[PDB]
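# An overview of the molecular structure
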Amino acid sequence: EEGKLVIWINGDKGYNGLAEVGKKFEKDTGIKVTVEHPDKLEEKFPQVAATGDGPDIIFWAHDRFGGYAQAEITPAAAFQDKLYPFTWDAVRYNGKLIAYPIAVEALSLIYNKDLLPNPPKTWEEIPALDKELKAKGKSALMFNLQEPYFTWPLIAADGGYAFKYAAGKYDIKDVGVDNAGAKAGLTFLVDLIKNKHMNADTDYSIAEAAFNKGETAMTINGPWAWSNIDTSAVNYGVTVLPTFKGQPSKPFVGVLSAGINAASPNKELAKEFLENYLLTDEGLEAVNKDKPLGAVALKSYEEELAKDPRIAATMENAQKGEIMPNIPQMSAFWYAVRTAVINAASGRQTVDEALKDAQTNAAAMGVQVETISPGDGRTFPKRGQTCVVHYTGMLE
Amino acid sequence: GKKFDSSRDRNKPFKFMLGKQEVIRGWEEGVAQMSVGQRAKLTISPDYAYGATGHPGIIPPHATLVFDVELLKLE
Ligand SMILES: CO[C@H]1C[C@@H]2CC[C@@H](C)[C@@](O)(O2)C(=O)C(=O)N2CCCC[C@H]2C(=O)O[C@H]([C@H](C)C[C@@H]2CC[C@@H](O)[C@H](OC)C2)CC(=O)[C@H](C)/C=C(\C)[C@@H](O)[C@@H](OC)C(=O)[C@H](C)C[C@H](C)/C=C/C=C/C=C/1C
C-alpha cells in the first residue's frame, strides 16, 4: 500500500542478495525496493492482507500459497518458458497462476566425507553402517523425526501417497497412508528406533548440531541448511536419498515462489521486477551468492548451477520426489501423518494401527457446517467484518 | 463429550473479526459459510481447532470440537 514496492522474504533466504537486485531496479527505473524478513511473515501476511494492507511481493513455499489463493493476484506471463513446466504447476490454483516459481527446495542425503568416503545407496545398509560408525565413537544418521516432511520420503518410497490425483484433480476421499508401501516404509523407520540406530526424541535442532559438530555421518535436509554446514568447516557433499526396497525415497518438494498481493497497486511494477530482474541468471546469482537456493525454476541458471553435484543431487531428489499439493486438506494429511509416526516411535500404537488412524484423520473435513435454523441466504460475512454470534462449545 | 463454554450462559454475544485469525481455523472457514440469522452445528476437526497441543487445561490434544453457532448480526 504505497508508490514504491515492498518485498517479504524469510531470514534464512539471504535478503541482501535480493536487495542488490532491487538496487539495480532503482538505478534503471528510480523505484526504491526494500526487502524485509518479519519473524513470522508466513502467518502475518494473511492477517494483514485481509485488511487490504500487506507487502507487494512475498516469497515462501508454494504450499502456503494455495491457502492465500482461497488474497493474491494472477500474474500474466507469455514468453516466460525460461522456467520448467513442473515449477509452473506448483504456482497454479484452479488453472490460475498465483506466483512466479524461483527455487526447487527438495530434501537430499548430506554426508561428512571424512567420516564416510562413500555414502550408502540403500536404507538397509544404514543399520550395518551405524554399528561400524558406533564402534568408532559416532552415529550414522540424524534428522528431524518429529515433523513428517522428513520421515515421509522413506514412508511413500514403496507406495503410499497423501491424496490420489485423477481427472486433473486431487481426491480428498482417496488417501494412500494405510496401504502396504506406507506400512513397510514406516516399520523400517520404527525398527531403526527399536534397534537404537535413531532416537524418537531427536528433532531438526538436535540433528543439525550433531552433523555440523561431526558426531553423525549423515543428515537429511534442504539447501536452506547448506550455509550452516559451510560455516561449520565440515567436508560434506549432497547425494540422492537412499532407495527403500529398490524404489527411490520420494520426498514432498517445496518450491520457493514470488506472489503478488491483490491490495498491491504496484502489480505492473512488481511483475517487471520478477519477470525481467529476479528471474535472470545475474538476478538469481546475486541471491545464490548470499545463500544458495539449490535448484532454480529458471533453465538459464539451473543449467549453470547443476555443474555442482549438490544442485544436481537436489533436482534428482525433486524428480524422484513429487511436488507438494497446495490443496487445503494437506493440513489434515500432515496432522494425521505426524501423529501416526510420533506414536509408532513412542510404541503407543503399532505401525499398522497408527496408519489405520492416519487414513481416517487425513480424509476428515476441517469444519462441517450443518444447518439447525436456516439464515436469510443473501448476507455472508466478508474478511475485515465483525461477526456477532451466540455459541455453545463442547468436545465430541 | 463435555461442555467447555457457552455465551448464552453469560448472556452477552461474542464478536470476532473474520480473517484476522482471532479465532480457530474451523470458525473462520465455518462462519464464513453461514448466512446472517442462520444457526448451525460446526463439527470442527483438531487440525482446524487446537490439534496435538490442545488448549492447556480446557481442551485435550486431537480433540474434535462441536459448536452451536447462530450468526446474529454483521458489524
Ligand atoms: C472468557 O472466554 C475466552 C475464550 C474461551 C477460551 C477457552 C476456549 C475453549 C473457549 O471457551 O473460549 C472456546 O469456546 C473456544 O474454543 N473458542 C471461543 C469462540 C471462538 C472459537 C474458539 C477460539 O478461537 O477461542 C480463542 C482461542 C482460545 C485462542 C486463539 C485461537 C486462534 C489463534 O489464532 C489465536 O492466536 C493468538 C488464539 C480465543 C478467542 O476467541 C479470543 C477472542 C481471541 C484471542 C484471545 C486472541 O486472538 C488474541 O490474540 C492476542 C486477540 O487478538 C484478542 C482479540 C484480544 C482481546 C483483548 C482478547 C479477548 C479474549 C477473549 C477471551 C474469551 C472470550
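Residues numbered from 1 in each chain as written, not as in the entry; some residues may be left out. Chains lettered and ligands numbered in written order. Heavy atoms only, no water. Residues with missing side-chain atoms left out of burial classes, pairs and counts.

Per the deposited record, the coordinates in this entry were obtained by X-ray crystallography to a resolution of 2.92 Å.

## Quick word on the overall build of chain B
What chain B contains, in helices and strands, is 2 helices and 4 strands. If you list the helices and strands of chain B from N to C, you get β-α-β-α-β-β. Here the C-alpha atoms of chain B give a radius of gyration of 13 Å, agreeing with the 11 Å that 2.2 N^0.38 yields for 75 residues. Expressed along its principal axes, the backbone C-alpha trace of chain B runs to roughly 35 × 25 × 20 Å. For chain B, with 75 residues in total, the buried portion stands at 44%. Put simply, 43% of the contacts in chain B that link residues at least 6 apart link residues at least 24 apart. Accessible surface, chain B: about 3700 Å² in total, of which carbon and sulfur atoms supply 49%. Separation of charge centres in chain B, based on 11 positive and 9 negative side chains, amounts to 5 Å. (Helix = DSSP H or I, 4+ residues; strand = E, 2+ residues; numbered from the N terminus. Rg over C-alpha atoms; globule rule 2.2 N^0.38 Å. Buried < 20%, exposed > 50% of the residue type's maximum accessible area, 1.4 Å probe, protein only. Contact = heavy atoms within 4.5 Å. Areas by Shrake-Rupley, 256 points an atom, 1.4 Å probe, with all protein chains shown as cover. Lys, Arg positive; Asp, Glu negative; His and termini not counted. Charge placed at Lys NZ, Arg CZ, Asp CG, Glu CD.)

## Brief notes about the interface of chain A and chain B
In this assembly, 41 residues from chain A lie in contact with 59 residues from chain B. Among the elements of the structure, α2 (41-49), α14 (330-346), β15 (367-373) and β16 (386-395) of chain A are those that each provide at least two residues to the side of chain A that touches chain B. Ranked by residue count, the leading element in the side of chain A that touches chain B is β16 of chain A, at 10 residues. Partitioning the side of chain A that touches chain B into residue classes produces 18 nonpolar, 17 polar and 6 charged. (Nonpolar A, V, L, I, M, F, W, Y, C, P; charged D, E, K, R; others polar.)

## Some thoughts on the sheet that holds strand β7 (residues 108-112) of chain A
Residue and element names in this part refer to chain A. Here we have 3 strands laid out as an open sheet, ordered β10-β7-β11, and antiparallel in their pairing. One side of each edge strand has no neighbouring strand; the edge strands of this open sheet are β10 (218-221) and β11 (236-239). Across the sheet, the mean angle separating the axes of adjacent strands is 30° when strand polarity is ignored. As defined by bridge partners, β7 adjoins β10 across 4 bridges and the pair is classed as antiparallel. Bridging across to β10, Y111 finds its partner in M218. (Pairing = 2+ DSSP bridges. Axes fitted to C-alpha atoms, helices over the stretch in contact; angles between N-to-C directions.)

## A look at unusual backbone geometry
Residues and elements named next belong to chain A. One non-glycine residue, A167, adopts positive backbone phi at about 50°. Mapped onto the elements, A167 comes out in the loop between β8 (161-166) and β9 (169-176). Phi at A233 takes a positive value of approximately 45°, unusual for a residue other than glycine. Relative to the helices and strands, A233 resides in the loop between α9 (226-231) and β11. For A233, a relative accessible area of 73% corresponds to the exposed category.

## Some remarks on the site of the ligand
Close contacts around the ligand come from 14 residues, with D5, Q21, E22, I24 and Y50 of chain B the closest. What surrounds the ligand is not a single chain but chains A and B. The separation between an oxygen atom of the ligand and a polar side-chain atom of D5 of chain B is 3.2 Å. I24 of chain B is positioned with one of its backbone polar atoms (N or O) 3.1 Å from an oxygen atom of the ligand. Calculation on the ligand without its partners gives an accessible area of 1000 Å², and the protein chains cover 49% of this total. Along the lines of polarity and charge, the residues of the shell around the ligand split into 10 nonpolar, 2 polar and 2 charged. (Near = heavy atom within 4 Å. Polar contact = N/O pair within 3.5 Å; in protein donor to acceptor, adjacent residues only side chain to side chain.)

## Remarks on the pattern of salt bridges
Any two side chains of opposite charge can pair if their charged atoms end up close together. The full count for this structure, using the stated rule, is 15 salt bridges over all chains. Between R8 of chain B and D68 of chain B there is a salt bridge, and its shortest N-O distance comes to 3.5 Å. Placement of the pair is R8 of chain B in helix α1 (residues 7-10) and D68 of chain B in strand β4 (residues 65-74), with a sequence separation of 60 residues. Linked through salt bridges whose partners overlap, the residues forming this network are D12, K13 and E105 of chain A. (Salt bridge = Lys/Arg side-chain N within 4 Å of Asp/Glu carboxyl O.)

## Side note on the packing of aromatic side chains
Here the structure, examined in full by the defined rule, presents 28 aromatic pairs over all chains. For the pair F273 of chain A and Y277 of chain A, a centre-to-centre distance of 6.3 Å together with 10° between the ring planes defines the contact as stacked. Pair noted here: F273 of chain A and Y277 of chain A are both in helix α10 (residues 267-278), with a separation of 4 residues, about one helical turn. Given a relative accessible area of 16%, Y277 of chain A falls into the buried group. A ring pair is formed by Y391 of chain A and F14 of chain B, whose centres lie 5.5 Å apart and whose planes are at 75°; its orientation type is edge-to-face. (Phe/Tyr/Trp six-rings, centres within 6.5 Å; stacked < 30°, edge-to-face > 60°.)

## Here we look at the side chain of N10 of chain A
Residues and elements named next belong to chain A. Looking at where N10 falls in the secondary structure, it is placed in the loop between β1 (5-9) and α1 (15-29). Here the side chain of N10 touches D12 through a polar contact of 2.9 Å, side chain to side chain. Among all residues touching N10, those that are not within four sequence positions of it are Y15, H37, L41, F59 and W60.

## What to know about helix α6 (residues 148-155) of chain A
Each α-helix turn comprises 3.6 residues. Residues three or four places apart therefore point the same way. Extensive coverage of α6 of chain A is indicated by the burial of 8 of its 8 residues. Among all positions in α6 of chain A, only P148, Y149, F150, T151, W152, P153, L154 and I155 of chain A are buried.

## Digging into the pairing of strand β2 (residues 33-36) of chain A
Residues and elements named next belong to chain A. Along β2, the buried face is formed by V33 and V35; none of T34 and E36, which line the opposite face, is buried. Bridge count for β1 against β2 is 4 bridges, and the pairing is parallel. Along β2, the bridge assignment pairs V6 with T34. Regarding the hand of the β-α-β motif, the stretch spanning β1, α1 and β2 is right-handed. (Right-handed = clockwise from strand over helix to strand, strands pointing away.)

## Section: the nonpolar core
All names here are of chain A. Within the largest apolar cluster, 61 residues are counted, with the highest numbers of intra-cluster contacts made by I7, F59 and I102. The dominant element in this core, judged by the number of residues it contributes, is α10, at 6 residues. With sequence-adjacent residues up to four places away left out, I102 is seen in contact with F59, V255, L256, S257, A258, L278, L279, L284, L293, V296, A297 and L298. Among the nonpolar cores identified, the runner-up in size contains 53 residues, and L129, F188, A336 and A340 belong to it. (Core = buried A, V, L, I, M, F, W, Y, C linked by side-chain atoms within 4.5 Å.)

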